[PDB]
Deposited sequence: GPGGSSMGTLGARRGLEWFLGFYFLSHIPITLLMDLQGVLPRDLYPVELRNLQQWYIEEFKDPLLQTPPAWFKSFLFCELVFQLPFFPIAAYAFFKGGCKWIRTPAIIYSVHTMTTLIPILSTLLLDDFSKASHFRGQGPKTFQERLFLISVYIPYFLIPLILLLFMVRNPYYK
């Protein structure tokens, strides 16, 4: 297969896998914890205590607004985009995918900037976040693919003549 067809397969698996990541992990900061079983509640508690995540446990107002945007705007677009790139040749996904890419990239620039430069001392984060530079890379590692893959998607829909 081609690099174009392979990238469409990758984008489909990215949009297909983003549905359980959002419903079962990300939305635990904006949706009540009662709706989640003790297994998933404690699984997110593992990531927060091991990766030293400051945002997921007690989301600030700016991070909660992005999680609601992920619920109302991104989650419905995931199955639509998954079908579009799994099937192939869906010219109608260009503008919707560009809007998703710029939106998602804009949400993670402040996320990556906070993890890399903000103060997580016993600050309004109250020592929840990372202290060392190595612990910050462990956190940026989980968040960075959700900026690069939309970046690839933005460049892919702007120039590909098969979607114009």
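Gaps without C-alpha coordinates occur at 1 to 9, 132, with positions taken along the deposited sequence from 1.
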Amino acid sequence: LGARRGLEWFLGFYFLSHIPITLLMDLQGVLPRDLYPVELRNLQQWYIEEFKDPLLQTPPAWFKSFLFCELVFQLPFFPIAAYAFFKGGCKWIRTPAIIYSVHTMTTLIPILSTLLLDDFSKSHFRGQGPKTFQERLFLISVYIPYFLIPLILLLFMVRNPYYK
From here on, numbers count along this sequence of modelled residues.
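Basically, rigid core = biggest C-alpha set you can superpose within 1.5 Å across the two forms.
Each structure in 4 other deposited structures of this protein is fitted to the shown form on the rigid core, and of 123 to 131 and 59 to 67 the C-alphas lie farther away on average for 123 to 131. Judged by mean Cα B factor in the deposited record, 27 to 35 ranks above the other of 27 to 35 and 104 to 112. Of all the options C69, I98, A61, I48, the entry's greatest CA B-factor is assigned to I48. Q57: CA B factor in the highest third of modelled residues in this chain (values from the PDB entry). Among the modelled residues of its chain, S65 has a C-alpha B-factor that falls in the lowest third, as given in the PDB entry.
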